[PDB]
Each structure stands twice: as structure tokens, then as C-alpha cells.
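Asker: First, the structure itself, so that you have it in front of you.
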Amino acid sequence: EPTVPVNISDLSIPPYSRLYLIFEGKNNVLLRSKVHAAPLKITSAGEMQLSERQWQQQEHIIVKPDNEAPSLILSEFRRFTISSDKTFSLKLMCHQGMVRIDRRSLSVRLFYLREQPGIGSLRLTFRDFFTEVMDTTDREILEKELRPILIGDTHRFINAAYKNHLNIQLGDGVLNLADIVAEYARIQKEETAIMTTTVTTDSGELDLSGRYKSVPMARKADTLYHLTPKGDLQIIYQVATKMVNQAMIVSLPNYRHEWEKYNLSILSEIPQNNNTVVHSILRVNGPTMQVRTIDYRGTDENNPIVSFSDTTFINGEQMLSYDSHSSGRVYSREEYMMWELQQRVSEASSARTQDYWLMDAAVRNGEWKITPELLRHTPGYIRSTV
């Protein structure tokens with residue numbers, strides 16, 4: 001049968017199906033695409049249990065009470081937290097932007113560990129959550145006036161249909177959504193503890209050709225790189241002091257759309273148990289976060305041992321974790337470069353993501369052009385037969 005025409009800006013593929021697109025073979029086909037799984041709408045009331053594979057399928061779970069609200073339950077939800085404390089990861093999650101608000105809809109983004117490598121994601125949107133008081137969210141003055149109410153009596157302005165279902169079972173964890181709402185108000189008032197140091201293309205002092213920037217204090221072993229869908233980088237560190245939990249952020253606004261203009265390196269010092277300070281150098285290379293550790297005369301003299309490592313965002317993730325205590329492998333410079341080439345040869349996902357970022361960057365102006373700005377970041381590649 002003659003082929004059917006379809007608008008390329010919106011395609012629907014039903015479960016366990018495919019959709020063959022037919023292209024002309026004279027020109028070159030360059031198709032940029034984005035995938036959004038269809039949301040699951042929920043309107044009933046009462047208990048609502050979703051099995052592991054039931055909430056693992058979905059990406060955005062909308063809740064739209066008609067009369068009453070369900071008691072959302074997501075079994076086997078191994079929630080991802082970087083701090084074992086329960087009142088500090090709340091501040092950090094509110095700070096990264098994982099709690100959003102518009103009109104009367106409150107949206108919360110979650111995370112979870114899974115058997116497959118990496119960290120998953122999931123969004124819950126609680127429509128009808130808010131009453132008519134803050135239907136005027138456009139004005140900042142009215143929201144600021146309503147902020148003090150959210151501290152003591154948060155339930156005053158929450159819709160009555162949601163009052164008895166303000167907690168979301170997550171397996172072994174209970175997340176009081178009213179608590180989330182209350183704490184987001186404190187975070188917004190503070191914005192208008194967690195230290196903030198945003199860098200830009202031309203921010204920072206002058207192999208690491210470019211700019212240098214050093215965090216305010218001495219970090220911990222673990223590190224967290226957060227990439228919001230808008231395309232900003234939110235490198236997460238710690239303070240190496242168990243007395244007070246103080247994560248220090250490094251914000252790189254509009255990173256995904258400007259990763260070729262960044263020639264910046266980040267220096268940090270991780271203290272060790274033996275009263276030895278180990279330096280750490282972080283170099284952003286597109287989606288691959290190159291980490292260089294310099295022992296800096298830790299046990300040697302004048303010839304510090306240098307270990308290379310990196311973690312690359314893959315499969316559209318928005319949160320990557322590196323422990324520096326249990327997971328990793330020692331790599332010298334030549335060994336690391338050789339390993340990168342070996343990963344590229346076997347078509348590993350990191351190389352594919354690097355290529356995706358490069359092809360995205362090449363078409364910035366609209367017309368395909370490999371400008372010289374990308375001739376420094378990109379290592380060349382040659383295949384030959386002997």
C-alpha cells in the first residue's frame with residue numbers, strides 16, 4: 001500500500017510496536033528527536049498500590065483528584081539519597097529544583113536505584129493540590145505574603161481533598177508532601193546551609209589551558225553531578241565535617257547548549273584519615289566529567305601519583321553519582337586515553353553520548369559547520385588497515 005504521510009513533529013508509537021519512517025536517499029538525513037513516554041493519569045481515591053514494574057515503566061505520573069485523592073504507594077522504591085540524614089537531603093532536593101510549582105499544580109521529581117546501571121527518574125504531578133488562595137502565583141508579592149503561613153500551618157491552604165493523603169509510601173520510606181511544600185517555601189525565601197558558586201564561560205582565574213576555579217572548602221570522597229533537563233550543570237560536593245552538613249554547589253548555567261565554550265577546570269582538596277590532603281582536578285569535557293586526582297606528595301616526593309577517571313551521562317540521565325571510595329579503577333594519563341579509545345571502538349554508550357553532544361553542538365547556528373571552536377575539545381580518530 002502507498003505510504004502514509006505523518007507530521008514529523010509529533011509521532012505516536014503504541015506499546016510493543018514500531019514505526020518505519022521513509023526518507024529520500026539523495027540528501028542527508030539528520031533527525032533530532034526527543035522521547036516522552038505518555039503520562040499515566042490517576043483520578044480515583046482510596047489505596048493505590050503500583051508494583052515495581054508498574055512505576056518503573058512510567059516517567060510522569062499525574063494525579064488529578066475529581067472528588068477525593070488516592071493514597072499513592074510505590075512499592076520497592078529504593079529512593080536515592082546522598083546524605084543519610086533525612087532533613088538535609090530534603091533541603092538539597094528542594095535546592096536542585098526537584099520541586100516545582102505553577103498555578104495550583106505541585107510537581108515533585110523523584111529518584112530511585114535500580115538493578116540496571118545508573119540512576120532512574122520519576123515525576124509526580126499533584127494537580128488540584130492547592131486551594132484558590134495561590135491561584136495568583138504569577139505575582140511574587142502575594143506568594144511572599146503566603147510564605148509565612150506555609151511554615152506553621154501548611155495544611156491551611158492545601159486542598160481538603162488532599163489533606164488525608166499527604167504522604168507517599170516509597171517502600172520503606174514515607175515522604176510527607178506537606179513537609180516538602182513547607183521546606184520549599186523556606187528555600188525560596190532564602191534565595192530571595194548550602195553554599196553556591198556559579199561559574200560561566202569567562203569566570204575564573206587564568207595541559208589545563210583555560211580557566212581555574214577552586215571550591216570554597218575541603219570536600220568529601222563522594223561527588224554528584226546533576227544535569228537538569230533545561231541543560232544546566234549542578235556539580236554537588238560536601239564539606240568533610242560530619243558536625244554540620246553543608247553541600248557546596250557549582251552551577252554552570254545553560255551547559256548543554258554551551259559546552260564548547262567552557263575551558264574551565266575545578267580544583268578541590270579531599271582530606272584523608274591519615275591527615276593527608278589529596279588534591280582533585282575536575283575537567284568538564286562535554287558529557288564526560290574527567291576527574292584527575294593528584295596525590296601531591298601524599299606518600300612520594302616531587303613525583304605525585306596521578307589517577308584518571310570519568311563518568312559520562314548516558315541514555316538521557318539527569319543524575320550521576322561517583323563514590324571515590326568503593327567504585328573506580330586507577331588509570332594513568334596514557335592508560336586513561338587508551339581506555340577511552342578502547343571504549344570508543346566497542347561502541348560503548350559513553351562514546352555514543354559524546355558523539356550525540358558533538359553533533360548537537362555542530363548545528364548551533366542552524367547550518368552544519370564544524371567551527372574551529374570544536375577543534376580543541378574533540379580528539380581526532382583514524383581507522384586504517386594494514
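Chain labels run A, B, ... following the order of the C-alpha cells; each chain numbers its residues from 1, and ligands are numbered from 1 in the order shown.
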If we count only C-alpha atoms and set the cut-off at 10 Å, which residues sit around segment 114-124 of chain A, ignoring sequence neighbours fewer than 4 positions away in its own chain? Please answer as a PyMOL selection string.

Answerer: chain A and resi 39-40+55-63+72+76-80+98-99+106-110+313-315+317-321

Asker: Can you spit out the residues from that selection as a tab-separated table (two decimals), in the first residue's frame, using N, CA and C atoms?

Answerer:
chain	number	residue	atom	x	y	z
A	39	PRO	N	2.07	10.14	29.95
A	39	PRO	CA	1.80	10.11	31.39
A	39	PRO	C	0.67	9.16	31.73
A	40	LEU	N	0.71	8.63	32.95
A	40	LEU	CA	-0.38	7.84	33.49
A	40	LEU	C	-1.25	8.75	34.36
A	55	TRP	N	5.58	1.21	38.33
A	55	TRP	CA	6.13	2.55	38.41
A	55	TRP	C	7.49	2.67	37.74
A	56	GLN	N	8.12	1.55	37.37
A	56	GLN	CA	9.34	1.64	36.59
A	56	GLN	C	9.07	1.97	35.13
A	57	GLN	N	7.93	1.52	34.60
A	57	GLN	CA	7.57	1.85	33.22
A	57	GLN	C	7.35	3.35	33.06
A	58	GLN	N	6.51	3.93	33.91
A	58	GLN	CA	6.08	5.31	33.74
A	58	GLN	C	7.21	6.28	34.05
A	59	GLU	N	7.12	7.46	33.44
A	59	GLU	CA	8.04	8.56	33.70
A	59	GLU	C	7.37	9.73	34.39
A	60	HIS	N	6.12	10.02	34.05
A	60	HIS	CA	5.37	11.12	34.64
A	60	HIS	C	4.01	10.59	35.07
A	61	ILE	N	3.73	10.65	36.37
A	61	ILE	CA	2.50	10.10	36.94
A	61	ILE	C	1.66	11.26	37.43
A	62	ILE	N	0.60	11.58	36.70
A	62	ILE	CA	-0.28	12.70	37.02
A	62	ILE	C	-1.36	12.22	37.97
A	63	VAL	N	-1.65	13.02	38.99
A	63	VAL	CA	-2.74	12.75	39.93
A	63	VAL	C	-3.69	13.93	39.88
A	72	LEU	N	-1.14	7.51	47.21
A	72	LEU	CA	-0.13	6.98	46.30
A	72	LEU	C	0.86	6.10	47.05
A	76	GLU	N	8.68	-1.12	46.68
A	76	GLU	CA	10.06	-1.41	46.29
A	76	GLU	C	10.78	-0.16	45.77
A	77	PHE	N	10.46	0.99	46.35
A	77	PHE	CA	11.03	2.26	45.92
A	77	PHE	C	12.29	2.53	46.73
A	78	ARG	N	13.44	2.12	46.19
A	78	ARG	CA	14.73	2.35	46.83
A	78	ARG	C	15.18	3.77	46.50
A	79	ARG	N	14.65	4.73	47.26
A	79	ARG	CA	14.90	6.14	46.97
A	79	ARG	C	16.39	6.46	47.09
A	80	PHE	N	16.86	7.33	46.20
A	80	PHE	CA	18.27	7.71	46.14
A	80	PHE	C	18.50	8.96	46.98
A	98	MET	N	14.13	20.16	42.16
A	98	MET	CA	13.28	18.99	42.01
A	98	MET	C	11.90	19.18	42.61
A	99	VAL	N	11.56	20.39	43.04
A	99	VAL	CA	10.21	20.74	43.45
A	99	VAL	C	9.82	22.01	42.70
A	106	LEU	N	1.34	21.12	41.97
A	106	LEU	CA	2.64	20.91	42.59
A	106	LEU	C	3.27	19.66	41.98
A	107	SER	N	4.47	19.82	41.44
A	107	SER	CA	5.19	18.73	40.79
A	107	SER	C	6.44	18.41	41.58
A	108	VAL	N	6.69	17.12	41.79
A	108	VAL	CA	7.85	16.65	42.54
A	108	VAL	C	8.55	15.60	41.70
A	109	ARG	N	9.87	15.72	41.57
A	109	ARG	CA	10.68	14.75	40.84
A	109	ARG	C	11.41	13.86	41.84
A	110	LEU	N	11.38	12.56	41.59
A	110	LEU	CA	11.99	11.58	42.47
A	110	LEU	C	13.14	10.88	41.77
A	313	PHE	N	27.28	11.02	31.35
A	313	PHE	CA	25.83	10.90	31.27
A	313	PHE	C	25.46	10.08	30.05
A	314	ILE	N	24.58	9.10	30.24
A	314	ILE	CA	24.14	8.25	29.14
A	314	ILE	C	22.64	8.04	29.23
A	315	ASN	N	22.03	7.76	28.08
A	315	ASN	CA	20.60	7.44	27.98
A	315	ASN	C	19.73	8.53	28.60
A	317	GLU	N	20.09	10.49	31.12
A	317	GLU	CA	20.01	10.60	32.56
A	317	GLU	C	20.16	12.06	32.99
A	318	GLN	N	19.77	12.33	34.24
A	318	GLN	CA	19.88	13.67	34.80
A	318	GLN	C	20.50	13.66	36.18
A	319	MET	N	21.17	12.57	36.55
A	319	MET	CA	21.79	12.46	37.87
A	319	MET	C	22.80	11.33	37.83
A	320	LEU	N	24.06	11.65	38.14
A	320	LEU	CA	25.13	10.66	38.12
A	320	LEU	C	25.94	10.78	39.40
A	321	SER	N	26.31	9.63	39.96
A	321	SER	CA	26.97	9.58	41.26
A	321	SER	C	28.31	8.87	41.14

Asker: Please report, as a ChimeraX atom specification, each residue of segment 315-381 of chain A to which DSSP assigns strand (DSSP E or B) when run on this structure's backbone.

Answerer: /A:319-322

Asker: Output N, CA and C atoms for every residue in the selection just made, as a compact mmCIF listing (two decimals), in the first residue's frame.

Answerer:
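Output file result-v5.txt follows:
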# COMPACT_ATOMS: atom_id res chain seq x y z
N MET A 319 21.17 12.57 36.55
CA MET A 319 21.79 12.46 37.87
C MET A 319 22.80 11.33 37.83
N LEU A 320 24.06 11.65 38.14
CA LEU A 320 25.13 10.66 38.12
C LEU A 320 25.94 10.78 39.40
N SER A 321 26.31 9.63 39.96
CA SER A 321 26.97 9.58 41.26
C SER A 321 28.31 8.87 41.14
N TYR A 322 29.32 9.43 41.80
CA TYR A 322 30.66 8.85 41.83
C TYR A 322 31.08 8.82 43.30

Asker: Could you list, as a list in words, every residue within 8 Å of residue 354 of chain A, counting only C-alpha atoms and ignoring same-chain residues fewer than 5 positions away?

Answerer: residues 286, 287 and 288 of chain A

Asker: Find the spatial neighbours of residue 336 of chain A, counting only C-alpha atoms, within a cut-off of 9 Å - ignore same-chain residues fewer than 4 positions away - and output them as a PyMOL selection string.

Answerer: chain A and resi 307-309+330-332+340-341

Asker: Which neighbours of residue 359 of chain A fall inside 10 Å, counting only C-alpha atoms, when residues of the same chain fewer than 2 positions from it are skipped, and could you give them as a list in words?

Answerer: residues 30, 32, 353, 354, 355, 356, 357, 361, 362, 363, 364, 368, 369 and 370 of chain A

Asker: Which of these residues is nearest to residue 245 of chain A, using only C-alpha atoms: A:185, A:351, A:69, A:193?

Answerer: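 Closest candidate: A:193.
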
Asker: For residue 198 of chain A, find every residue with an atom within 7 Å (counting only C-alpha atoms), except residues of its own chain fewer than 6 positions away, and show them as a PyMOL selection string.

Answerer: chain A and resi 250-252

Asker: How close does segment 26-132 of chain A get to segment 144-166 of chain A? List, as JSON lines, each residue of segment 26-132 of chain A within 6 Å, its nearest atom pair and the distance in Å to one decimal, counting only C-alpha atoms.

Answerer:
{"residue": "A:68", "atom": "CA", "partner": "A:161", "partner_atom": "CA", "distance": 4.8}
{"residue": "A:69", "atom": "CA", "partner": "A:162", "partner_atom": "CA", "distance": 5.7}
{"residue": "A:71", "atom": "CA", "partner": "A:165", "partner_atom": "CA", "distance": 5.2}
{"residue": "A:129", "atom": "CA", "partner": "A:159", "partner_atom": "CA", "distance": 5.5}
{"residue": "A:130", "atom": "CA", "partner": "A:158", "partner_atom": "CA", "distance": 5.1}
{"residue": "A:131", "atom": "CA", "partner": "A:159", "partner_atom": "CA", "distance": 5.1}

Asker: Counting only C-alpha atoms, figure out which residue out of A:271, A:14, A:229, A:216 gets nearest to residue 247 of chain A.

Answerer: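 The closest residue to residue 247 of chain A is A:216.
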
Asker: Given the choices A:169, A:349, A:293, A:188, which gets closest to residue 47 of chain A if the distance is worked out from only C-alpha atoms?

Answerer: A:169

Asker: In Å, with one decimal, what is the gap from atom CA of residue 74 of chain A to atom CA of residue 105 of chain A?

Answerer: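 These atoms are spaced 20.5 Å apart.
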
Asker: For residue 96 of chain A, find every residue with an atom within 8 Å (counting only C-alpha atoms), except residues of its own chain fewer than 3 positions away, and show them as an NGL selection string.

Answerer: :A and (92-93 or 234)

Asker: Can those selected residues be exported to a file as a compact mmCIF listing (two decimals), in the first residue's frame so that it contains C-alpha atoms?

Answerer:
# COMPACT_ATOMS: atom_id res chain seq x y z
CA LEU A 92 19.25 19.64 48.80
CA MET A 93 16.36 18.22 46.77
CA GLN A 234 24.89 21.28 39.22

Asker: Please measure the separation of atom CA of residue 267 of chain A and atom CA of residue 283 of chain A, giving the value in Å to one decimal.

Answerer: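 Straight-line distance from atom CA of residue 267 of chain A to atom CA of residue 283 of chain A works out to 9.0 Å.
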
Asker: Assign secondary structure with DSSP using the backbone only, and return the residues of segment 100-282 of chain A in helix (DSSP H, G or I) as a PyMOL selection string.

Answerer: chain A and resi 140-146+149-152+154-156+160-165+177-191+259-261

Asker: To one decimal place in Å, what is the distance between atom CA of residue 206 of chain A and atom CA of residue 256 of chain A?

Answerer: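 Atom CA of residue 256 of chain A lies 23.3 Å from atom CA of residue 206 of chain A.
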
Asker: Looking at only C-alpha atoms, which of A:375, A:266, A:235, A:194 is the one that sits closest to residue 211 of chain A?

Answerer: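 Among the listed residues, A:266 lies closest to residue 211 of chain A.
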
Asker: Nearest residue to residue 143 of chain A out of A:230, A:273, A:189, A:224, using only C-alpha atoms?

Answerer: A:189

Asker: Return the single residue from A:260, A:205, A:128, A:24 that is closest to residue 377 of chain A, with distances computed using only C-alpha atoms.

Answerer: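 Among the listed residues, the smallest separation from residue 377 of chain A belongs to A:260.
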